[PDB]
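Below is one structure; the comments refer to it alone.
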Amino acid sequence: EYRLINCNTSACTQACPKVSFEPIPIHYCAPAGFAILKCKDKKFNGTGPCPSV
Amino acid sequence: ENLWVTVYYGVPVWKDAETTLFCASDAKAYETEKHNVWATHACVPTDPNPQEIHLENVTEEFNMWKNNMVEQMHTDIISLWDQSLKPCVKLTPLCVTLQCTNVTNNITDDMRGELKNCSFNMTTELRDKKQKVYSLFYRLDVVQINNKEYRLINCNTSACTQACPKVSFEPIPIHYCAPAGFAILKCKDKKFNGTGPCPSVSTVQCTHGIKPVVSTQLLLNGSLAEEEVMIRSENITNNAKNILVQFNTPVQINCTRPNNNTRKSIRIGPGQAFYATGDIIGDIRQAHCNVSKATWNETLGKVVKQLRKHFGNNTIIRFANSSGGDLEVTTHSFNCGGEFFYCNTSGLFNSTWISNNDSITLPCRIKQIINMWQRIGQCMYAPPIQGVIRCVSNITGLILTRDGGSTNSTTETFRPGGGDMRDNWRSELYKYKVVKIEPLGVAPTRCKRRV
Amino acid sequence: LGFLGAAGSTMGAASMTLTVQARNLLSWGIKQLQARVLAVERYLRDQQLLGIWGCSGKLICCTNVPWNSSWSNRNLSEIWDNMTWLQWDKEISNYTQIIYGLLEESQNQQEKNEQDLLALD
Amino acid sequence: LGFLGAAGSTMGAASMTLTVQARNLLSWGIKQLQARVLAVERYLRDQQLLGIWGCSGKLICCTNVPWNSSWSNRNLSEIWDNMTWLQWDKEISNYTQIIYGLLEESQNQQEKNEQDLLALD
Amino acid sequence: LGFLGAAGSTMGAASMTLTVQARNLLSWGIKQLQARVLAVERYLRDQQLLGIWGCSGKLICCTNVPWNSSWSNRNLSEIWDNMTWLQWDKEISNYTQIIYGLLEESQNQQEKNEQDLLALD
Amino acid sequence: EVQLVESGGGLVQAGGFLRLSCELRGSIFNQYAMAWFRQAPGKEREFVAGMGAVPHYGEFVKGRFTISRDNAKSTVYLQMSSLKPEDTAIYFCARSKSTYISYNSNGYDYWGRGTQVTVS
Amino acid sequence: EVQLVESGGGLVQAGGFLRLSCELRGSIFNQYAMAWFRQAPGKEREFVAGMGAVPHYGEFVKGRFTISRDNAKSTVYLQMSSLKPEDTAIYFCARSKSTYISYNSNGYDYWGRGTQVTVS
Ligand SMILES: *[C@@H]1O[C@H](CO)[C@@H](O[C@@H]2O[C@H](CO)[C@@H](O[C@@H]3O[C@H](CO)[C@@H](O)[C@H](O[C@H]4O[C@H](CO)[C@@H](O)[C@H](O)[C@@H]4O)[C@@H]3O)[C@H](O)[C@H]2NC(C)=O)[C@H](O)[C@H]1NC(C)=O
Ligand SMILES: *[C@@H]1O[C@H](CO)[C@@H](O[C@@H]2O[C@H](CO)[C@@H](O[C@@H]3O[C@H](CO[C@H]4O[C@H](CO)[C@@H](O)[C@H](O)[C@@H]4O)[C@@H](O)[C@H](O)[C@@H]3O)[C@H](O)[C@H]2NC(C)=O)[C@H](O)[C@H]1NC(C)=O
Ligand SMILES: *[C@@H]1O[C@H](CO)[C@@H](O[C@@H]2O[C@H](CO)[C@@H](O[C@@H]3O[C@H](CO[C@H]4O[C@H](CO)[C@@H](O)[C@H](O)[C@@H]4O)[C@@H](O)[C@H](O)[C@@H]3O)[C@H](O)[C@H]2NC(C)=O)[C@H](O)[C@H]1NC(C)=O
Ligand SMILES: *[C@@H]1O[C@H](CO)[C@@H](O[C@@H]2O[C@H](CO)[C@@H](O[C@@H]3O[C@H](CO)[C@@H](O)[C@H](O)[C@@H]3O)[C@H](O)[C@H]2NC(C)=O)[C@H](O)[C@H]1NC(C)=O
Ligand SMILES: *[C@@H]1O[C@H](CO)[C@@H](O[C@@H]2O[C@H](CO)[C@@H](O[C@@H]3O[C@H](CO)[C@@H](O)[C@H](O)[C@@H]3O)[C@H](O)[C@H]2NC(C)=O)[C@H](O)[C@H]1NC(C)=O
Ligand SMILES: *[C@@H]1O[C@H](CO)[C@@H](O[C@@H]2O[C@H](CO)[C@@H](O[C@@H]3O[C@H](CO)[C@@H](O)[C@H](O)[C@@H]3O)[C@H](O)[C@H]2NC(C)=O)[C@H](O)[C@H]1NC(C)=O
Ligand SMILES: *[C@@H]1O[C@H](CO)[C@@H](O[C@@H]2O[C@H](CO)[C@@H](O)[C@H](O)[C@H]2NC(C)=O)[C@H](O)[C@H]1NC(C)=O
Ligand SMILES: *[C@@H]1O[C@H](CO)[C@@H](O[C@@H]2O[C@H](CO)[C@@H](O)[C@H](O)[C@H]2NC(C)=O)[C@H](O)[C@H]1NC(C)=O
Ligand SMILES: *[C@@H]1O[C@H](CO)[C@@H](O[C@@H]2O[C@H](CO)[C@@H](O)[C@H](O)[C@H]2NC(C)=O)[C@H](O)[C@H]1NC(C)=O
Ligand SMILES: *[C@@H]1O[C@H](CO)[C@@H](O[C@@H]2O[C@H](CO)[C@@H](O)[C@H](O)[C@H]2NC(C)=O)[C@H](O)[C@H]1NC(C)=O
Ligand SMILES: *[C@@H]1O[C@H](CO)[C@@H](O[C@@H]2O[C@H](CO)[C@@H](O)[C@H](O)[C@H]2NC(C)=O)[C@H](O)[C@H]1NC(C)=O
Ligand SMILES: *[C@@H]1O[C@H](CO)[C@@H](O)[C@H](O)[C@H]1NC(C)=O
Ligand SMILES: *[C@@H]1O[C@H](CO)[C@@H](O)[C@H](O)[C@H]1NC(C)=O
Ligand SMILES: *[C@@H]1O[C@H](CO)[C@@H](O)[C@H](O)[C@H]1NC(C)=O
Ligand SMILES: *[C@@H]1O[C@H](CO)[C@@H](O)[C@H](O)[C@H]1NC(C)=O
Ligand SMILES: *[C@@H]1O[C@H](CO)[C@@H](O)[C@H](O)[C@H]1NC(C)=O
Ligand SMILES: *[C@@H]1O[C@H](CO)[C@@H](O)[C@H](O)[C@H]1NC(C)=O
Ligand SMILES: *[C@@H]1O[C@H](CO)[C@@H](O)[C@H](O)[C@H]1NC(C)=O
Ligand SMILES: *[C@@H]1O[C@H](CO)[C@@H](O)[C@H](O)[C@H]1NC(C)=O
Ligand SMILES: *[C@@H]1O[C@H](CO)[C@@H](O)[C@H](O)[C@H]1NC(C)=O
Ligand SMILES: *[C@@H]1O[C@H](CO)[C@@H](O)[C@H](O)[C@H]1NC(C)=O
Ligand SMILES: *[C@@H]1O[C@H](CO)[C@@H](O)[C@H](O)[C@H]1NC(C)=O
Ligand SMILES: *[C@@H]1O[C@H](CO)[C@@H](O)[C@H](O)[C@H]1NC(C)=O
Ligand SMILES: *[C@@H]1O[C@H](CO)[C@@H](O)[C@H](O)[C@H]1NC(C)=O
Ligand SMILES: *[C@@H]1O[C@H](CO)[C@@H](O)[C@H](O)[C@H]1NC(C)=O
Ligand SMILES: *[C@@H]1O[C@H](CO)[C@@H](O)[C@H](O)[C@H]1NC(C)=O
């Protein structure tokens, strides 16, 4: 005598067959008046000055 | 003598108008995560000590009874409560026939048919199985159908959603600020009777701390008047218009629910939790309120004296208890710690005045479900609160409705009545009016635009 | 000395502080957004109405169109010393939307006379 | 005598009234708000394009950059008497986005020559 | 030669092309609308701050208010040939929101001096 | 503008049947409670019936009548029945200040023209 | 700012009962998982209990304890029962980097002051 594991914490909706989960690339752009920089140093360890920005 | 015309931009002049205002809430409580009604998580943070700057040689006239902010504020509250109940759970599955009987755990003689012990079948987390659970319901939430077979009073008119435990019903101050291009005036005359020119008018970008309370009569936690308890009205000659009495020194009222209620959780469905009263611990005692005997009698003394200025001096002013009608207008209903009260007030407005220590105790009744004043149809369910609920409050004003007696028989009887929910806010928005700044004036001078 | 800090003083003296009443003009989430668009949109209307006349952002724009004694019939020095702006507006509130039309004609006509004057060279 | 009330008339006569076609340029709830923001935003684009040139709100901005006969090769008086603006636009519709670049250069260069001219004093 | 294409160059040479950094300044669905309203709103603020000063859209607005040696204490030719704008901003970043007040006073005071000068005629 | 209209009424034989109605056009219907008042000749007004969120009746109704409000048409009906001769009077229609009903006449701010009803 | 509080604890008789609590104030409550760590004297920290989307317990809990999180008050409780004297230690409260629980102490970035619990 079994029950779904989630039927005593919270019910939840089926995933619609129409939609898909595959990764679609999403570029990001700034609005008018703003600008997005981009570092280019090969030896960039996440923090610190980036010369060729 | 020849002079020409010029146009001055940014000239200070205003016209009466109306618009849509927005949030202004204190940022101190932002860290305290509370997605409650009258939200602070989605609002413009207020400003410390707004630019309240005095004005001189200015005369402006106000009018509460045709003000627009009070009207717009109402729709703000109505539109908010509906939005705050969408995530909550409905009570459609609970509309089931109940088997109820009296509860007698050496109950006090004050109340006998007040608490009913009901038991009903309900669906557990699994749709196939069912469970027999029981709870206690107040006598005002069950009706007989045909013996012992009761149903919720509001299961044949319209189902309503439970009040989410996450949200809170306590009043949070809400400041009102005009948008760019507008300005909010503010009267400051102590002897301001609601209508007429206000000499010392001053401007401010944001109103002071306004905490809209939900009460019918004896509005609580209002802004005290500075001096000279004032009677504000629209057409005092006409008796169909309410009279908003606001007095300076507040009388403290203590309201308690000595019953030691305990909360019990029942699973309606998967993730659908319904709370209900469990077993009452200890003796059962009626919920009541107390107001100081000495101060209250003095407070009515000020009101009576300040009222004779409109109805002469040789007038026998005598108060009378509530009119009679809907349960929410006979008594006075005020929220206290998430539970709605209904307190009999016949013990206060009972006296007569001629032109020549102790504490008043009054009973109260409690309803778990209430017919929301926001709309006629949708009700709301108030979950029980554990322990003992006690809250003190400031009674700052009164809402007296005159009795339309004959011209003779100079005994003018005043009765209290809440009725409109707008009046509770009109007692606090009586100082501000919204105006529209119109630059680009015209004046004559002497020039000649060189070609 | 602040926002509308001299609305009740002499109109001539009130002219000293004019940027304060102009600088702070354009400075339940949906309700906020609709106000911001209205606020900025209202400002553009005033600026454009000045633009079509012989000035853009001078903040003191004195046109050459003649004045009418009938409109005010008040002495020039008698109004610029004692009577405030708020009272001034009511006096000419009725006589509005007719000066604006005159200003446009006096500007468009003047502009063309300036255009061909620069062309005869 | 109204909004685009002389679109089909002579282009020289079209200049008789230019403010009417410009004054009324900026004057389901969501789409209305989106339209309003687009309408005001479009007006700013037009104004800014004039700002970078040698004028702000003149409404008749005559620049000193030379004209090209190849663009139109039509007599000056022959076009300002008969041809309508709508027909005129199509003739130079192809030759667009190249005059605008020239105007910017002729203004920035002129502005700098004026800046140092006031500095040699 | 593009948007912020000369940020790291000499500030004097940075003035060669200033329109590119200004022209490209005004050009989930709710997010887009909010950004557009903010974008247009910011541009209006900047233009207004120039409007109250002695200029509207000149793009080179040289005011007559005196300069302070204490604020910079750098030679005029020493900073306009080598040092970049970004470095320049930080040097006088602290001394900001004070010059702006001075500019307004130097303009409003001058505005009336021009108004009454045209009236004595 | 706030205004109200009424139904026919008219003479009805004693112990007969009759229906009254009142339509609220100006203001919102789900934000106010309507009630009926009767004014017999040589007498003051008094409460008869009214529907807010829960029905109410006067002392002399004794359950004979029946009141219900139709949200669709924004109207309030009155299933009058068993009309005794003493019930003849002009039956007004009024709108309360808010969603609560008060037996005092001063609790309403928009009255109707008045429907004449007679019993013989 | 992210900060946490703790319940009392205190002395408990052997084989007694006790309840702990920890309220998460700063960050959102429905986006992180909380867990309890104990540090006996002269020993390193180790996992005790934690509630993300499914409960977890240490090897020595043996079902004695019970952990549940109240979404309303944004707190996590711990219904300890039958506390042996070996369980005396300081019980910390920590918040995980995300909605998953890791037995290593390095899976949490916001610890608590520590609650003293002793059994005699
Ligand atoms: C008029 O103003 C007065 C002054 O504030 C106001 O009285 C307040 O009533 C509330 C009722 O909830 C009090 O708040 C409660 O105080 C008790 C005291 O023990 C606390 O235990 C409560 O905490 C529990 O409930 C909270 C409800 O949200 C939970 O969030 C919390 O986690 C606890 O479970 C609660 O804080 C408040 O203290 C008084 N104010 C005082 C004493 O100064 C009165 O209610 C106002 N009038 C009206 C009509 O509301
Ligand atoms: C479809 O069938 C319907 C049911 O028979 C028809 O309704 C009939 O309509 C006529 C005229 O409209 C009525 O004749 C009047 O009757 C009243 C007495 O009725 C009173 O009681 C009813 C009960 O609700 C109430 O609604 C009325 O307002 C009255 O208070 C007389 O006073 C009039 O003088 C007139 O004779 C019929 O009574 C009514 N039928 C019924 C059963 O009530 C309808 O007309 C049919 N459709 C068509 C197109 O013919
Ligand atoms: C309404 O009835 C409630 C139920 O009886 C009352 O709750 C009582 O509250 C007092 C003081 O707050 C408690 O006395 C304390 O008891 C603890 C031991 O309890 C331990 O276990 C419980 C089980 O959940 C736990 O919640 C506690 O935190 C403790 O871990 C002692 O250690 C204290 O020293 C103190 O004696 C009662 O135990 C408690 N009742 C019950 C049955 O637990 C409540 O006070 C009543 N309301 C009013 C207004 O009187
Ligand atoms: C409301 O009525 C129901 C049934 O009429 C009550 O249910 C049961 O009530 C008894 C006491 O009244 C609870 O205690 C029981 O006492 C017997 C006595 O021998 C004992 O043998 C049982 O083991 C139990 O302790 C009983 O728990 C309760 N039933 C359930 C399922 O809880 C109910 O108590 C009444 N409500 C109140 C507030 O009294
Ligand atoms: C939803 O249920 C309530 C509760 O029954 C309904 O109100 C009640 O309706 C009944 C008959 O429909 C009324 O009964 C009558 O009572 C009077 C005494 O007041 C009696 O003299 C009559 O002979 C008759 O028995 C009852 O009074 C009334 N109110 C209550 C509190 O029960 C309501 O009508 C229902 N909803 C709808 C839309 O019908
Ligand atoms: C929703 O259902 C799950 C599944 O039953 C609940 O978790 C389970 O809860 C039971 C008792 O409530 C646990 O039983 C205990 O298991 C331990 C061994 O781990 C044993 O030593 C104890 O004597 C006792 O039998 C069970 O372990 C636990 N987990 C599983 C996978 O079954 C869960 O509590 C339910 N949700 C709610 C809100 O109650
Ligand atoms: C509120 O005060 C104003 C003026 O301060 C009163 O206005 C006048 O009141 C008198 C009677 O007291 C009337 O005869 C006048 O016609 C009123 N004039 C105006 C312009 O209103 C007003 O009556 C006072 N209202 C109340 C309710 O006391
Ligand atoms: C309100 O006042 C009443 C008195 O009329 C209080 O009732 C008494 O309270 C004391 C408190 O210790 C009890 O000892 C008495 O038994 C109570 N009854 C009587 C008849 O004195 C009541 O407690 C007060 N409540 C509040 C909240 O102030
Ligand atoms: C309502 O409760 C408050 C506080 O619980 C009472 O105020 C206290 O009254 C006592 C009377 O002996 C004073 O000694 C205290 O100093 C008061 N404290 C405060 C904070 O006010 C108040 O008296 C109660 N109301 C009534 C009518 O008894
Ligand atoms: C509110 O309380 C008062 C008394 O404090 C109640 O007055 C009662 O009125 C009835 C009506 O005739 C009398 O028979 C009772 O004798 C009165 N009470 C007392 C103690 O004498 C009043 O009824 C209460 N309010 C409600 C709605 O019941
Ligand atoms: C309302 O006021 C009247 C007085 O105008 C009170 O009448 C007294 O009531 C007490 C208590 O029942 C009696 O002992 C007195 O004899 C009554 N007075 C007279 C002259 O007979 C009445 O009690 C008040 N209402 C309440 C609820 O207390
Ligand atoms: C108000 O007017 C009086 C005289 O009309 C004047 O002395 C006073 O300065 C004025 N108020 C202010 C703030 O200047
Ligand atoms: C229960 O209480 C009612 C009053 O509410 C009373 O009439 C009745 O006699 C009591 N007893 C029973 C068994 O219903
Ligand atoms: C619950 O269902 C059972 C099934 O027979 C029934 O006997 C019982 O009366 C039901 N409960 C109630 C409160 O009616
Ligand atoms: C007040 O009501 C009376 C009632 O007839 C009326 O005569 C009077 O004009 C009203 N006054 C005002 C100011 O509305
Ligand atoms: C009275 O009822 C309470 C309710 O639980 C109970 O605790 C108490 O023991 C009872 N006392 C008597 C004498 O029945
Ligand atoms: C109220 O006070 C007045 C005088 O201030 C006194 O005459 C009257 O008797 C008092 N009433 C009560 C009920 O104490
Ligand atoms: C009424 O009394 C007040 C003050 O007590 C007084 O100013 C006024 O003249 C009196 N009027 C009459 C008609 O007695
Ligand atoms: C007011 O007092 C009268 C006096 O008989 C009483 O009949 C009525 O029920 C009282 N009203 C309330 C709401 O208690
Ligand atoms: C009641 O009024 C007093 C006097 O101003 C004030 O000190 C107190 O805080 C008020 N009570 C509240 C706000 O609950
Ligand atoms: C002045 O006004 C009068 C009537 O208002 C009008 O006839 C006259 O043409 C106007 N003159 C000028 C110069 O505006
Ligand atoms: C404006 O003037 C017209 C006629 O000159 C007159 O009828 C009207 O009442 C006036 N209105 C105001 C507000 O002065
Ligand atoms: C005119 O246009 C021709 C070709 O379109 C081009 O070669 C020439 O440089 C242009 N001259 C000017 C002054 O624009
Ligand atoms: C524009 O000119 C180009 C070449 O000069 C030609 O290919 C194109 O068809 C023209 N388009 C129009 C619309 O005149
Ligand atoms: C220059 O700066 C100094 C100090 O920062 C100040 O005292 C002085 O008034 C300033 N002078 C001018 C002309 O800005
Ligand atoms: C700005 O100057 C003040 C005082 O001159 C100093 O306290 C502060 O640290 C300075 N800040 C920067 C960023 O230079």
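Protein chains in written order, with the deposited numbering: chain G, 190 to 242; chain C, 32 to 141, 150 to 185, 188 to 309, 312 to 321, 321A, 322 to 398, 411 to 505; chain A, 520 to 546, 571 to 664; chain E, 520 to 546, 571 to 664; chain B, 520 to 546, 571 to 664; chain D, 1 to 52, 55 to 82, 82A to 82C, 83 to 100, 100A to 100G, 101 to 112; chain H, 1 to 52, 55 to 82, 82A to 82C, 83 to 100, 100A to 100G, 101 to 112. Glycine included, each C-beta is placed from N, C-alpha and C at the ideal position.
Cα-Cα separation between residue i and residue j, rounded to whole angstroms
i, j, result
"C:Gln315", "H:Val48", "30 Å"
"A:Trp623", "C:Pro43", "15 Å"
"C:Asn99", "C:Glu269", "27 Å"
"E:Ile635", "E:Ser613", "11 Å"
Residues that residue i contacts on chain B, provided the C-beta gap is smaller than 7 Å
i, result
"C:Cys501", "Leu661 and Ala662"
Beta-carbon proximity check, residue i vs residue j, cutoff 7 Å
i, j, result
"B:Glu647", "A:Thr538", "yes"
"B:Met535", "B:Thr627", "no"
"A:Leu602", "C:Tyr40", "yes"
"C:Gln293", "C:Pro417", "no"
Those residues which DSSP pairs with residue i across a bridge
i, result
"C:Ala58", "Answer is none; C:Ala58 lacks a bridge partner."
"C:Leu129", "C:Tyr191"
"D:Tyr79", "D:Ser21 and D:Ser70"
"C:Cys218", "C:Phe53 and C:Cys247"
Listed by chain order, chain B residues near residue i by CB distance under 8 Å
i, result
"A:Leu581", "Here the premise fails: no neighbours, minimum Cβ distance about 11 Å."
- Query: Can at least three beta-carbon pairs, one atom from the stretch 273-287 of chain C and one from the stretch 424-443 of chain C, be found at a separation below 8 Å?
  - Reply: no
- Count the CB pairs spanning the stretch 213-230 of chain C and the stretch 447-456 of chain C that are closer than 8 Å, and state whether there are at least three. no
- Message: Quick check: the stretch 479-486 of chain C against the stretch 250-268 of chain C, are at least 3 beta-carbon pairs closer than 8 Å?
- Response: yes
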